[PDB]
Colleague: 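There's a structure below that I have some questions on.
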2 protein chains.
Amino acid sequence: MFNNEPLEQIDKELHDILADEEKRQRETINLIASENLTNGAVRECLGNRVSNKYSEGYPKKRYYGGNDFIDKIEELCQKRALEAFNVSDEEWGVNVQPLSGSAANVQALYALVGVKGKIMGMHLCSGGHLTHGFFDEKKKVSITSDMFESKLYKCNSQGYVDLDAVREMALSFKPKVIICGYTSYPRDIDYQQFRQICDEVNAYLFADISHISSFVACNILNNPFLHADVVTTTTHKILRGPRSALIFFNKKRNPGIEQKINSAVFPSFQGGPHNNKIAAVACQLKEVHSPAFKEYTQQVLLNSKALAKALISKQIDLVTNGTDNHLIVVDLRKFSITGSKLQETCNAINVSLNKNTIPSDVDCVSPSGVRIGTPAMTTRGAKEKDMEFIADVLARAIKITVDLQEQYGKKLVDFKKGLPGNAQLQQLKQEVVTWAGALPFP
Amino acid sequence: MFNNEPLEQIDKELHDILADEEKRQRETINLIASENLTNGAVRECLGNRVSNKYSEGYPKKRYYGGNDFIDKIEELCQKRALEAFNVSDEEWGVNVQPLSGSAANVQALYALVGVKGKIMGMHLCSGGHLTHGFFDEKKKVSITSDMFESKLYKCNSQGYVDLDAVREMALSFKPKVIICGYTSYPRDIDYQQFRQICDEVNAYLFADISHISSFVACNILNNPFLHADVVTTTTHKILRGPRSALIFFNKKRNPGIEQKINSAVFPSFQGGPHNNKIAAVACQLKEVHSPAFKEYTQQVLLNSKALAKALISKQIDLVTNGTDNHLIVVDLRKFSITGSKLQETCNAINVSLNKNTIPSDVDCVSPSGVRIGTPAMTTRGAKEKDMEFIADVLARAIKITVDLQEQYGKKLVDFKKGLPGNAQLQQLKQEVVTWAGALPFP
Ligand SMILES: Cc1[nH]nc2c1[C@]1(C(C#N)=C(N)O2)c2cc(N3CCC(CC(=O)O)CC3)cc(F)c2CC1(C)C
Ligand SMILES: Cc1[nH]nc2c1[C@]1(C(C#N)=C(N)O2)c2cc(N3CCC(CC(=O)O)CC3)cc(F)c2CC1(C)C
Ligand SMILES: Cc1ncc(COP(=O)(O)O)c(CNCC(=O)O)c1O
Ligand SMILES: Cc1ncc(COP(=O)(O)O)c(CNCC(=O)O)c1O
Ligand SMILES: [Cl-]
C-alpha cells in the first residue's frame with residue numbers, strides 16, 4: 001500500500017526547487033565557514049532504510065530487539081570516531097546519538113552541571129556559539145543561559161581570548177564548566193592554559209571543536225584531547241560528514257562520566273536515534289582517518305592562509321591580522337559599511353558569506369564584519385592561486401557596497417534597492433558563476 | 001578533492017551491515033507500533049544535497065543569505081502540514097524545524113511554561129511518553145521532569161484515562177500545561193474534557209498525536225485541533241515520513257504564541273535546520289493529503305481491529321479489551337510470563353514487538369505486556385485476513401515462552417539460554433520469513 005514512483009514523478013514541485021538549490025550550490029563561491037559538500041556515499045547513508053528502525057538505548061543494552069545490525073553500525077561509528085581523533089577506547093568514550101551540535105552541547109552541559117548549574121563560555125560577539133551560554137541584557141537568547149546560570153568572557157580589542165580575563169571570571173564566578181572552542185575564532189586555542197584555570201577552580205574543561213575538528217584529528221592544530229574532560233563536535237563542517245554530532249568524554253580524568261553523558265543524551269533529552277545519521281557519520285569517519293583527508297585539511301589551511309594574505313595585500317583589515325585555521329573575519333570599519341550590507345552585495349553575485357560581529361561591536365544587529373572560510377571551496381578543488389581571485393571578487397564587492405551606500409543611503413532598506421539589475425554586479429555574478437560552475441562538485 | 005566512489009566501494013564494511021539490515025527488515029513481521037517504511041521519494045529527499053545549507057532563522061527572516069530555494073522548501077512544508085491537518089494558516093501556525101519528537105516536545109513545553117514551569121502528563125506506565133514529564137523515585141529520568149516541575153496522572157485499573165483524576169490533580173497542582181496524546185494508549189482521547197479541565201485551571205492544552213497523527217489528518221479519530229493550544233507530532237510513525245517533528249500552535253487562542261514557539265526552536269534550543277528532513281517531510285505531507293493515504297490509514301485500523309479480535313478469540317487478554325487505533329497492548333499475566341521474555345522469543349522468530357507496562361505494573365523493569373501495532377505490516381500489503389496469521393504466530397510464541405520458562409526458569413538470563421537451536425522457534429522463524437520476505441517492500 002505504498003507509492004514507489006521516483007521523487008521527480010511523485011513530487012514535481014519539490015523536485016524543481018531541489019534541482020534549483022543544486023544549481024545554486026554548483027554556481028556559488030561558498031565561503032560560509034561552517035559549510036561543506038557531502039560526497040555520494042554519505043548521502044547514500046542518509047537515504048538508507050536503516051532510518052526505519054527504532055533503537056532507543058545503546059548497543060547491547062537496547063530496549064527493543066531486532067537491533068543486531070543497528071548495534072554493529074553504532075559500534076563501528078564509535079570505534080571510528082575514537083580512531084579518527086587518535087584516542088584510546090580505554091581512556092576515552094564517545095556518544096554518537098546527538099542529532100546536531102546544539103543538542104550535543106545542551107546534553108553534554110546538562111550531564112556535567114545539571115539544571116541551575118554554572119557555566120562559562122565565550123561571548124557571541126567575541127566568537128562564542130549560542131550554546132556556550134549566550135544571553136543579552138534583554139533576554140536569555142539560548143537555553144544554555146536559562147536552564148544554566150551563565151557567565152560570558154570576552155576577547156580583547158585585538159580579538160584574542162584574554163586568559164587573564166578568563167581566570168578573573170572563573171575565580172569570582174566559580175563555574176562547574178568552562179567552555180572553549182568557537183564559532184568565529186580565527187586563531188588556535190591554548191587548552192593547557194584553559195586546563196590550568198579549570199584545575200584551579202575545580203571546573204570541567206569543555207572543548208567544542210566543531211569548526212576545527214579536522215585540524216585536531218589530523219594533528220595540524222592543538223589537541224584538546226590532551227587536556228579536556230569533554231570534547232564536542234559537529235560532523236557537518238570541516239569534517240565533511242552529515243548533520244550530526246559526537247560527544248567525547250575522558251573516562252580516566254572523571255570515572256562515571258560515561259553514564260552521566262550517555263543518560264543525558266537518552267533518556268534525559270532524545271528518543272530514538274537517527275540511524276541514517278549514524279551510518280553517514282561512520283562512513284565519513286573512515287575517510288577522516290585516511291592520509292588523503294589530511295591532505296584536504298592541509299589544503300584548507302594553505303588556502304585560508306593565502307586568502308588572508310591576498311586580502312591584506314588589498315588593504316583589507318582582518319581581526320587578529322590573519323588566521324591559524326580555516327576562517328577569517330574581515331573588519332569593515334575603515335570602509336564605513338556594515339557586514340549586513342556586504343552580505344547582501346555578496347549574495348547578489350552568488351558569493352555566500354555571513355555577517356559577523358567584531359570586538360568593538362556592542363550589539364549583534366549591524367555587525368561590523370563578515371566571516372569567510374575555505375572548507376567548501378577547498379572541497380571543490382580550488383588551490384592557493386585561486387584565492388587571489390576570491391580576494392579580488394570580495395574587494396570588488398566591498399567597493400560596490402561603498403558606492404551603493406553613497407548612492408542609495410545607509411539604511412539597509414534603501415541600500416538593497418540599489419542591488420537588483422546593477423550592471424557591475426550582473427557582470428561580477430557572471431564571473432563568479434563561470435569559475436564556480438566549472439569546479440568539481442560532489 | 002573528494003572521493004566520489006559509491007557506498008559499496010568506499011565503505012564495504014558498512015555497506016554489508018546495511019545490506020543485512022535491509023534483509024532483516026524484509027524478512028520480519030514488524031509489529032513495533034511506532035515504526036513504518038519510508039518510500040524511495042522520501043529517502044531521495046533525505047539523501048539530497050539540500051542538507052549542505054546552513055539556514056538558521058526562519059524563511060524571509062534568515063540570518064544568512066542564499067536561502068532562496070531553502071525558503072521555498074520550508075514554506076512549502078509548513079503549508080502542506082497545515083493542509084494535511086485541515087487547519088487554516090490564519091488560525092494555526094506550524095514549525096517544521098524540530099529534529100525529532102522529543103526535541104519538539106521539550107521546545108514546545110519550554111515556549112509555554114519556561115524553566116521551572118509546571119506541567120502535567122500521563123505517567124509512562126499508563127501509556128505516556130518520557131517527554132511528558134517522566135520521573136520515578138530514584139531519579140528525574142526525563143529532562144521534562146527536571147527542567148520543569150512535573151506531575152503525572154495515571155490510568156485506572158482497566159487502562160483508561162481517568163479524567164476525574166486529571167481534574168483532582170490539575171486543581172491542587174495547578175499546572176500551566178496538561179499534555180495528552182500518548183505512546184502506548186490503545187483508545188481515542190476526549191480532548192474536549194481535557195479542554196474543559198485546562199480552561200478551569202487556566203492551563204494550555206497540549207496534544208502529542210505522534211502515534212495517531214494519520215488518524216487525525218484523515219478524520220478517523222478525534223481531532224485535537226478543535227480544542228488544543230499546541231499539537232506536536234513526529235513525522236516517522238503512522239504518518240510514514242522521515243525522522244522529524246512538527247509543532248502546531250493555535251494563534252487565535254494565544255496571540256504571541258507563534259513568536260514564543262518559533263524562538264524556543266531557534267535560537268533557544270537548535271541551531272541550523274536539517275533541510276533534507278524538511279524536504280522529506282514536505283514530500284510525505286503531499287502523500288498524506290491524498291485519498292489513497294486515507295485508504296492506507298483505514299486499512300491500519302481495519303487490521304488493528306481484526307488483530308485485536310483474532311487475539312481475543314485465542315483467549316489472549318488486551319488492555320481495555322480492544323483498540324480504537326493502530327495499537328494493542330497484550331496483558332500477559334494469565335500466562336505468568338513477562339513482556340521481556342516474549343519479546344526475546346519474538347525476536348528469535350523475526351517478530352518485532354516491544355515489552356510494555358500494564359496498569360497493574362508497579363515498576364518499568366519486568367513489565368507484564370507487549371505492544372503491537374499495524375502500520376508497518378499494513379504498509380507491506382497485509383489485510384484483515386492476514387491478521388489471523390499474525391495472531392497464530394504470537395499465540396505460538398506465547399506458548400513457546402511458557403514452555404521455555406518451565407524448562408529453563410523465571411530468570412531472564414537462564415530463559416534466553418533456551419532460545420538458540422530450539423526446533424520449534426526455527427520452524428516458526430521459517431514460516432515468518434517465508435510470508436514476510438515475499439510481501440511488498442518500499
Ligand atoms: C546564530 C549563531 N549561533 N552561534 C553563532 C551565531 C552567529 C555568530 C556571530 N556573529 C556567532 N559567533 O556564533 C550569529 C548570531 C547572530 N545573532 C544576533 C543576535 C540574536 C539574538 C536575537 O535577537 O534573538 C542571536 C543570533 C547573528 C549572526 F549574523 C550570526 C552569525 C553567526 C551564525 C556566525
Ligand atoms: C523508551 C520510551 N520512551 N517513551 C516511552 C518508552 C516506552 C514506554 C513504555 N512502556 C512508553 N510508554 O513510552 C518504554 C520505556 C522504558 N523505560 C524503562 C525505565 C526507564 C528509566 C530508567 O531506568 O532510566 C525509562 C524508559 C522501557 C520500555 F521497554 C519502554 C517501551 C516504550 C519504548 C514504548
Ligand atoms: C562552535 C559551534 N558549536 C556548535 C554549533 C552547532 O551546530 P548545529 O547548528 O548543528 O546545532 C556551531 C554552528 N554554528 C553556526 C555557524 O557557524 O554557521 C558552532 O560553530
Ligand atoms: C507520543 C510520543 N511522542 C514523542 C515521541 C518521540 O519521538 P522521537 O523518538 O522522534 O524523539 C514518541 C516515540 N516513542 C517511542 C515509541 O513509541 O516506540 C511518542 O510515542
Ligand atoms: Cl537526516
Side-chain angles (χ1 to χ4, degrees), chain A residues 102 130 136 138-143 146 365, chain B residues 55-63 67 70-101 103-115 117 119 131 148 176-179 181 191 195 198-199 202-210 213 216 223-235 244-275 277-278 281-282 285:
Chain A
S102 299
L130 289 171
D136 68 6
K138 227 48 172 242
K139 211 212 174 306
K140 284 148 175 215
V141 170
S142 180
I143 196 65
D146 204 352
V365 163
Chain B
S55 76
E56 293 183 295
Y58 292 98
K60 304 165 189 157
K61 307 184 264 103
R62 223 58 106 167
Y63 286 75
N67 274 312
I70 302 302
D71 285 28
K72 286 185 160 69
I73 292 151
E74 192 168 344
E75 266 159 342
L76 188 60
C77 188
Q78 300 169 304
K79 175 188 132 201
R80 284 182 186 174
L82 294 170
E83 180 166 19
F85 292 89
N86 307 300
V87 280
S88 183
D89 63 35
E90 317 193 344
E91 189 181 19
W92 278 90
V94 69
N95 194 313
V96 307
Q97 303 207 358
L99 300 173
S100 223
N105 290 359
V106 168
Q107 291 156 10
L109 290 169
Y110 175 63
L112 302 176
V113 310
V115 167
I119 65 159
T131 52
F148 306 126
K176 245 199 255 75
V177 176
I178 303 185
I179 301 162
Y191 302 118
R195 169 80 280 153
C198 282
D199 284 340
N202 198 39
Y204 296 100
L205 181 45
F206 189 136
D208 175 342
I209 66 170
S210 308
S213 58
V216 172
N223 181 29
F225 286 103
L226 302 178
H227 308 258
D229 302 315
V230 178
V231 179
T232 63
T233 185
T234 53
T235 52
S244 209
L246 289 169
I247 299 169
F248 292 96
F249 42 85
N250 204 156
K251 274 136 38 155
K252 266 182 121 173
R253 267 259 338 165
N254 321 276
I257 191 167
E258 182 183 344
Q259 187 273 333
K260 278 164 142 180
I261 272 174
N262 276 341
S263 83
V265 176
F266 173 93
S268 273
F269 275 99
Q270 304 188 166
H274 288 202
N275 295 316
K277 291 186 186 313
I278 290 171
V281 172
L285 287 173

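The sequence lines fix the lettering, A, B, ..., with proteins before strands; numbering per chain opens at 1.
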Colleague: Looking at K176(B) and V113(B), would you say the former's side chain and the latter's main chain have a donor-acceptor pair under 3.5 Å?
Modeller: yes

Colleague: For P267(B) versus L130(A), what's the shortest heavy-atom pair and its separation?
Modeller: CB-CD1, 3.6 Å

Colleague: If I take atom CG from residue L109(B) and atom OG1 from residue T131(B), how far apart are they, to the nearest 0.5 angstrom?
Modeller: 7.5 Å

Colleague: One pair to check against side chain to side chain contact (heavy atoms under 4.5 Å, CB included): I247(B) and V230(B). What are the steps and the verdict?
Modeller: CA-CA 7 Å; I247(B) 299 169; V230(B) 178; 4.1 Å; yes

Colleague: Do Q97(B) side-chain atoms and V265(B) backbone N/O form a donor-acceptor pair below 3.5 Å?
Modeller: no

Colleague: Check for a donor-acceptor pair, side chain of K79(B) on one end and backbone N or O of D89(B) on the other, with a separation under 3.5 Å.
Modeller: no

Colleague: Check whether any side-chain N or O of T235(B) sits under 3.5 Å from a backbone N or O of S244(B) as a donor-acceptor pair, and report yes or no.
Modeller: yes

Colleague: May I ask you to say whether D199(B) pairs ionically with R253(B), meaning some side-chain N is under 4.0 Å from a carboxylate O?
Modeller: yes

Colleague: Answer yes or no: is there a side-chain heavy-atom contact under 4.5 Å between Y110(B) and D146(A)?
Modeller: yes

Colleague: Do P224(B) and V216(B) have side chains that get closer than 4.5 Å, going by heavy atoms?
Modeller: yes

Colleague: Decide side chain to side chain contact (heavy atoms under 4.5 Å, CB included) for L226(B) and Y191(B); before the verdict, give the C-alpha distance in whole Å, the side-chain angles of both, and the deciding distance to 0.1 Å.
Modeller: CA-CA 9 Å; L226(B) 302 178; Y191(B) 302 118; over 6 Å; no

Colleague: Take the angle between the ring planes of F85(B) and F225(B) and call it parallel below 30°, perpendicular above 60°, tilted in between.
Modeller: tilted

Colleague: Kindly indicate whether the side chain of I119(B), heavy atoms from C-beta on, has any atom under 4.5 Å from the side chain of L112(B).
Modeller: no

Colleague: As a test of understanding, state which of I209(B), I261(B), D229(B), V94(B) forms a side chain to side chain contact (heavy atoms under 4.5 Å, CB included) with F248(B).
Modeller: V94(B)

Colleague: Which heavy-atom pair separates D208(B) from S210(B) by the least distance, and what is that distance?
Modeller: OD1-OG, 2.5 Å

Colleague: Closest heavy-atom contact between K251(B) and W92(B)?
Modeller: NZ-O, 3.9 Å

Colleague: For residues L246(B) and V231(B), determine if any side-chain heavy atom of one lies less than 4.5 Å from a side-chain heavy atom of the other.
Modeller: no

Colleague: Just one of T232(B), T233(B), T234(B) clears the side chain to side chain contact (heavy atoms under 4.5 Å, CB included) bar with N105(B), so which one?
Modeller: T232(B)

Colleague: A side-chain contact here means heavy atoms from C-beta on lying under 4.5 Å apart; do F249(B) and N254(B) qualify?
Modeller: no

Colleague: We want to know whether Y58(B) and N95(B) form a side-chain donor-acceptor pair, criterion being a heavy-atom distance below 3.5 angstrom.
Modeller: yes

Colleague: Mind listing the closest non-hydrogen atom pair of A228(B) and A207(B) along with its distance?
Modeller: CB-CB, 4.2 Å

Colleague: Donor-acceptor pair, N275(B) side chain versus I278(B) backbone, under 3.5 Å?
Modeller: no

Colleague: For residues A264(B) and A111(B), report the shortest heavy-atom separation together with the two atoms involved.
Modeller: CB-CB, 3.7 Å

Colleague: In Å and rounded to the nearest 0.5 Å, what is the CZ to OG distance from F269(B) to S142(A)?
Modeller: 8.5 Å

Colleague: Quick one: side-chain hydrogen bond (donor to acceptor under 3.5 Å, both in side chains) partners of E75(B), sequence neighbours excluded?
Modeller: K60(B)

Colleague: Using a strict 4.0 Å threshold on nitrogen-to-oxygen distance, state whether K61(B) and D71(B) make a salt bridge.
Modeller: no

Colleague: For the pair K139(A) and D136(A), evaluate side chain to side chain contact (heavy atoms under 4.5 Å, CB included) and give the outcome as yes or no after the intermediate values.
Modeller: CA-CA 5 Å; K139(A) 211 212 174 306; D136(A) 68 6; 3.8 Å; yes

Colleague: Run the numbers on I70(B) and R62(B) for side chain to side chain contact (heavy atoms under 4.5 Å, CB included), then give the verdict.
Modeller: CA-CA 10 Å; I70(B) 302 302; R62(B) 223 58 106 167; 3.9 Å; yes

Colleague: How about NZ on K72(B), more than 12 heavy atoms from neighbouring residues, nucleotides or ligands closer than 6.0 Å, or not?
Modeller: no

Colleague: I need the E91(B) CD to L82(B) CG distance, nearest 0.5 Å.
Modeller: 11.0 Å

Colleague: Tell me the closest heavy-atom pair linking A108(B) and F206(B), and the distance in Å.
Modeller: CB-CE1, 3.7 Å

Colleague: Using 0.5 Å steps for rounding, measure from the OG atom of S263(B) to the CD atom of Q107(B).
Modeller: 11.0 Å

Colleague: Say whether, by atom type as modelled, one donor and one acceptor occur between the side chain of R195(B) and the main chain of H227(B) under 3.5 angstrom.
Modeller: yes

